[PDB]
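In case you want the letters, here they are:
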Amino acid sequence: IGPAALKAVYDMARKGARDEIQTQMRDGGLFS
Amino acid sequence: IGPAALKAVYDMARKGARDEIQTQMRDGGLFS
Amino acid sequence: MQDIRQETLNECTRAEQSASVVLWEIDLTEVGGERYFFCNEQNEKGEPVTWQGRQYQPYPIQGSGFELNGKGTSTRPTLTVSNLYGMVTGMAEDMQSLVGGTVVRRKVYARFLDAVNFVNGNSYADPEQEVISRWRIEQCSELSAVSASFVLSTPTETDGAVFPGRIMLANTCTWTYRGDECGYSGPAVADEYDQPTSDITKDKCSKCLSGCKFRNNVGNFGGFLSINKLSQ
Amino acid sequence: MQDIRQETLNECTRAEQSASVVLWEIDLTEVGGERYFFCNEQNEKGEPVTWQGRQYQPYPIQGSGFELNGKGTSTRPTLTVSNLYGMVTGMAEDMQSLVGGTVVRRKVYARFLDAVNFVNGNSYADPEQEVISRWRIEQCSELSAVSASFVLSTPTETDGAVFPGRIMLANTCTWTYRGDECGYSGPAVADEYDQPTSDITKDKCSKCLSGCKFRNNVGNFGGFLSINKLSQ
Amino acid sequence: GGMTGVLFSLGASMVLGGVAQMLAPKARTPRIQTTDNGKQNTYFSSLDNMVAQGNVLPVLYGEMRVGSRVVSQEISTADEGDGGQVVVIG
Amino acid sequence: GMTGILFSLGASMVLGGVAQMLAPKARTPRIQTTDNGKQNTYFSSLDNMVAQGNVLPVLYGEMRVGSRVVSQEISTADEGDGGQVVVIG
Amino acid sequence: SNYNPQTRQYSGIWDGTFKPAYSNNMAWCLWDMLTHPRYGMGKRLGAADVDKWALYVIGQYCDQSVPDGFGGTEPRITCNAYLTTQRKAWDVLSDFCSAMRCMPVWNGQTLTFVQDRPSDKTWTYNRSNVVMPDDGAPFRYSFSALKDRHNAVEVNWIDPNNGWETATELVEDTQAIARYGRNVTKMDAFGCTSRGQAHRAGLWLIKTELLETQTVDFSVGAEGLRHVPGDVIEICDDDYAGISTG
Amino acid sequence: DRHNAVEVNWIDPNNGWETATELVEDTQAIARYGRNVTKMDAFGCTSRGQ
Amino acid sequence: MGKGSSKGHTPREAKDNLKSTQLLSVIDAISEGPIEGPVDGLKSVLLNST
Ligand code: SF4
Ligand code: SF4
């Protein structure tokens, strides 16, 4: 089904982006 | 089909990340 | 703790609950509009839902994300209303995108509606059991010819604002004309461009020194006459 | 506005469109190469497409992501080219990975190609109606044994550049050799390490005071002789 | 490949920063110091002598008296002499 | 079972520079307008600081440098370093 | 060559000729900044890569003899800058464009600048020239935000009259304060040596922020795609929002 | 991304133990690519040679 | 006077018995490229804001 998959993928992408922001701002990385 | 799904997910994970970047820097987030 | 009465709290723990109705009130009186009452669903008589005597007309509405939090940014729930026949755009073009208005969300259980909503009549009616929330509209991110999306925010949201709101000196003033700080209450003497206007329909102050002199209230001038603190 | 002729704009109004054709020109003269002409498709005769007299040979080329904007970042569209038989790798190993060259994209409608591309012969040919864009290759993000992806950029894009190019130095020159400031045109006298040579192929200044003294152009030295400004 | 799904329109996603920002690119305010007190210096004024060590040479575009970058400062004994022969020290 | 989506990232790392792939590169300090146009060194402090906020520093060779003053005190001196040679006039 | 840098009077058609002369203009200040060898990153881009005709139009627009507060007659925007610190090229370019109220784009394979100067409509669109993707409604409107609509702006400018020192001048609207809240914002006017120019810049910002509050996204067929280069003016004739038949 | 002009900050014990900037570049890299200037202090440096 | 190079001086006033006076001499770099001269004559030189 379209809309359910779209909303699920959007929320999962938001969670992934939040996790990436959290993990890259520790000591090194590119210091976002 | 594979590549269509992959391109769709990649382009869907763009505006999600952009909105996350924009909201986390507004008032009381981690400023990206 | 909430102000929920004992009876609804008792009923909410029951195994076989009833329908959960949500009603919405859009208040624009503080902006210059009227009070609009909406409900997502109607009764069995094909009539607007009657609650506390008043009638909520059945119109498109749906909210998502209403939540209370303390960490990070403030919560911004999203409201959606179907814009058919141009009804939403009609008030949008007249009320400046419905910004600054108030939205009140009332949550009620089905077994407490007015008796006129049921063919047999509900004997368990008590029009004082509901949960109330209040928010303010922030922006209208979508006004397509099919729907309309609104962003909500807390009334006490703070951002883009600084605490100590004064700017030391200026050749110009900083108060508001005819307030409790300027203190002037006389007849019209000057206009925005500092011309001898005796008409009150277009009285304005240039907030400058000459405009203040025109009204003999130079004592209450907010700007300090330093200027040369940086040059000298 | 665009430099669009009236005829092609008039044709681009009707419902029954013709076939859109995209042709690419890779220019490497400014970097030390040749001009390569590519087309994604060939004519009905199984021959290279003839346009304006010149010929574009068939090769799998695909440009995606052309986004002209005034805010945010710049534009970086992607060009994909099939790397079979090692043809792309051949020039990449020679032309420093195709860095610094120019790419020109021309789009044309089918009904304006040369008559030799059609068995009956087009009577509507007009080799002056096309839309032209130019970009510069920035990097070869990925070149495998089956394909090759190039990133494009605008020629005037600023990135990593500073405005006040002037830099204050103590004992090192700032400009080139013989270009505009070193008004030297005599025989070669020095080399990289300030050795007394008289051969022109090894004449390169050491960017020092001694080089200037050797070349008798100390009056045109870019290094100010301050040095001892921070010790005192 | 014939179709291009997920159009993904961008409307308020760029308005959210402000509307004048998408017509004019705004300007960059300098950083505020503490020992400087309240003198809010900008990026196009300098009324004091600077030091020209590994720095850039400033440019000027119109009017607006400015300072400089000192390259050589030296004090010597002022010898007696004018543009002529009149050298009376009595 | 299978382990898909390797997603090679060799291209992404070079985007920030290639010399950084072998050297972390030295950090650079910021420029204070108040300190004229002088450039602050990250490994030398000629000026003698105040013993409080600044952490107990470390030396590694040469570098005539300042310090962190712990106690400064000015009083009246004695007339005579020592011995019996104590003349005044 | 056509330009006279004394009275700022144009006379006749302009050719691609140049004359070395003093000036106090603004657009040509950007031209000197952009395409200059030695120090002005001229080695990265040639003279033919920038739209000099747009610069000429801007410079003609920058001298309109607007009225000042004292009753005099002065040019709208004038460049008086002293760049003494090294900074990114994009930062200086953005500062210049903000002072000119212009935006740069790579349009028609040549860098050009577009400002908010009133002009005549180029093209017109109705519902039959656009496509509804899946939802049935092709036009997609949106508006600004309440906390985003600025009403009070403090601009910093250099005051040659007193001591060539910085000075802050604030601008606000009473009716905007009554309708929305108070939204204070700081700004640095680039190369300002007159109170009138700073006041005009602040007034333009608040006005263009209070009036233009509606942004629409839609789609366009291939035939009109290349027809519209970008940064142009047009009309979106919609019969669904106008409750009529366009 | 390919830098060819570099400025290094080193302390100079000879004059006054002050900071000094030294520039390094290649002419052929100037001719082939553009000029890309980058600054980095030479941590621990005490001689122009290093 | 403007053009490309200019010089100016003011009459020295001293004498009154044999002495020896100092003489501070300093060079300043203003800007780059062909600049124009001061708006007025030698008065434009401001020492201690006068
Ligand atoms: S200026 Fe004088 S008169 Fe005008 S508002 Fe401020 S105080 Fe009232
Ligand atoms: S050092 Fe003297 S000679 Fe060598 S380049 Fe610079 S100026 Fe020309």
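Thresholds applied
Residues numbered from 1 in each chain as written, not as in the entry; some residues may be left out. Chains lettered and ligands numbered in written order. Part of a larger assembly, values for the part shown. Heavy atoms only, no water. Residues with missing side-chain atoms left out of burial classes, pairs and counts. Helix = DSSP H or I, 4+ residues; strand = E, 2+ residues; numbered from the N terminus. Rg over C-alpha atoms; globule rule 2.2 N^0.38 Å. Contact = heavy atoms within 4.5 Å. Buried area = accessible area lost by both parts, 1.4 Å probe. Salt bridge = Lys/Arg side-chain N within 4 Å of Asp/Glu carboxyl O. Nonpolar A, V, L, I, M, F, W, Y, C, P; charged D, E, K, R; others polar. Pairing = 2+ DSSP bridges. Axes fitted to C-alpha atoms, helices over the stretch in contact; angles between N-to-C directions. Parallel < 35°, antiparallel > 145°, perpendicular 65-115°, else oblique. Left-handed = near helix turned anticlockwise from the far one by under 90°. Near = heavy atom within 4 Å. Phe/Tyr/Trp six-rings, centres within 6.5 Å; stacked < 30°, edge-to-face > 60°. Buried < 20%, exposed > 50% of the residue type's maximum accessible area, 1.4 Å probe, protein only. 1 Å grid on protein atoms, 1.4 Å probe; cavity = no way out; pocket = protein on both sides within 12 Å on 5 of 7 lines; lining within 4 Å. Sits in = over half its atoms within 2 Å of the grid points.

Draft legend 1. Quick peek at the overall build of chain F. In terms of helices and strands, chain F carries one helix and two strands. Put simply, chain F runs from its N terminus to its C terminus through helices and strands in the order α-β-β. In terms of C-alpha radius of gyration, chain F reaches 28 Å, well past the compact-globule figure of 12 Å for 89 residues. Considered along the principal axes of its C-alpha atoms, chain F spans approximately 100 × 40 × 25 Å.

Draft legend 2. Molecular detail of the side chain of H:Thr19. Tracing the backbone shows H:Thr19 in strand β2 (residues 18-25). Once you skip the residues sitting within four places of it in the chain, H:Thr19 turns out to touch E:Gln53, F:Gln39, F:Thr41, H:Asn9, H:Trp10 and H:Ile11.

Draft legend 3. Focus on the interface of chain E and chain G. In this complex, chain E contributes 41 residues to the contact, which on the side of chain G involves 49 residues. For chain E, the biggest contributors to the area lost against chain G are E:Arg28, E:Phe44 and E:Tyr61; these three give 21% of the whole. At the surface where chain E touches chain G, the tally comes to one salt bridge. Salt-bridge contacts for G:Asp91 lead to E:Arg28; the nearest nitrogen and oxygen are separated by 3.0 Å. Those elements giving two or more residues to the side of chain E that touches chain G turn out to be α1 (12-15) and β2 (59-60) of chain E. Split into classes, the residues belonging to the side of chain E that touches chain G amount to 24 nonpolar, twelve polar and five charged. Where β2(E) meets strand β3 (residues 82-83) of chain G, two bridges bridge the pair, whose relative direction is antiparallel.

Draft legend 4. Just the packing of helix α1 (residues 2-24) of chain A against helix α1 (residues 2-23) of chain B, in detail. Two elements in contact, α1(A) and α1(B), have axes whose closest approach is 8 Å; the angle formed by their N-to-C orientations is 50°. Of the possible angle classes, the one that applies to α1(A) and α1(B) is oblique. Seen along the crossing, α1(A) lies across α1(B) with a hand that is right-handed. Between α1(A), through A:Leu6, A:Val9, A:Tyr10, A:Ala13, A:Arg14, A:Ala17, A:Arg18 and A:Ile21, and α1(B), the contact on the second element is made entirely by B:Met12, B:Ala13, B:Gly16, B:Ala17, B:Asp19, B:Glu20, B:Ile21 and B:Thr23.

Draft legend 5. Spotlight on the site of ligand 2. Every residue near ligand 2 is listed here: D:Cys173, D:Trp175, D:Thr176, D:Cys182, D:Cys205, D:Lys207, D:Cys208, D:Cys212, D:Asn217 and D:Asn220. Of the residues in the shell around ligand 2, the class split is six nonpolar, three polar and one charged.

Draft legend 6. View of the packing of aromatic side chains. Inspection of the entire model under this criterion finds 24 aromatic pairs over all chains. Plain terms: the ring middles of C:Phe37 and C:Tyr56 are 5.5 Å apart, the flat faces sit at 70° to each other, and that makes the pair edge-to-face. Of this pair, C:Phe37 sits in strand β2 (residues 35-39) while C:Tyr56 sits in strand β4 (residues 54-58), and the two are 19 residues apart along the sequence. For the pair shown, C:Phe37 and C:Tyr56 are each scored as buried. Consider the rings of G:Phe18 and G:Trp31, whose centres lie 5.7 Å apart with planes at 20°: the pair is stacked. Placement of G:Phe18 in the segment before α1 (27-34) and of G:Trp31 in helix α1 is noted, with a sequence separation of 13 residues between them. Looking at G:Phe18, the relative accessible area reads 48%, which means it is partly exposed. Given the relative accessible area of 15%, G:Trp31 is considered buried.

Draft legend 7. Looking closely at the site of ligand 1. All names here are of chain C. All residues adjacent to ligand 1 are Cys173, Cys182, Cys205, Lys207, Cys212 and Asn217. The cavity that encloses ligand 1 is the second largest cavity. Considering only residue class, the shell around ligand 1 consists of four nonpolar, one polar and one charged.

Draft legend 8. Spatial organisation of the sheet that holds β2(C). Residue and element names in this part refer to chain C. Reading across from one edge, β3-β4-β2-β1-β7-β8-β9-β6-β5 is the order of the nine strands in this open sheet, with mixed pairing throughout. Two strands close off the open sheet at either side, each with one partner strand: β3 (49-51) and β5 (62-64). Each strand axis lies, on average, 35° off the axis of its neighbour in the sheet, ignoring direction. Pairing of β2 with β4 involves two bridges; the strand directions are parallel. What sits directly across from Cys39, in β4, is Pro58.

Draft legend 9. Structural context of the pairing of strand β4 (residues 54-58) of chain D. Residue and element names in this part refer to chain D. Note: strand β3 (residues 49-51) against β4, three bridges, orientation antiparallel. Paired with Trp51 across the two strands is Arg54, which belongs to β4. Between β3 and β4, which follow one another and run antiparallel, lie two residues, and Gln52 among them has a positive phi close to 55°.

Draft legend 10. Layout of the packing of α1(G) against helix α2 (residues 52-61) of chain G. Residues and elements named next belong to chain G. For the pair α1 and α2, the least separation of the axes is 8 Å and the interaxial angle reads 150°. What the angle tells us is that α1 and α2 run roughly antiparallel. Every residue of α2 that contacts α1 at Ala27, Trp28 and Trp31 is listed here: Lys52, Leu55, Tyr56, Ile58 and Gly59. Per-class residue counts for the contact of α1 with α2 are six nonpolar, one polar and one charged.

Draft legend 11. Summary view of α1(G). Within α1(G), seven of the eight residues are buried, leaving the element largely enclosed by the surrounding structure. Here the buried face of α1(G) lies against α2, α3 (89-100) and β5 (111-115) of chain G.

Draft legend 12. Here's a closer look at the interface of chain B and chain E. The interface is formed by six residues belonging to chain B together with seven residues belonging to chain E. Contact with chain E buries surface across chain B, with B:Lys7, B:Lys15 and B:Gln22 losing the most and accounting together for 63% of the total. At the junction of chain B and chain E, the tally comes to zero salt bridges. The class makeup of the residues in the side of chain B that touches chain E is two nonpolar, one polar and three charged.

Nothing here speaks to function; it is all geometry.
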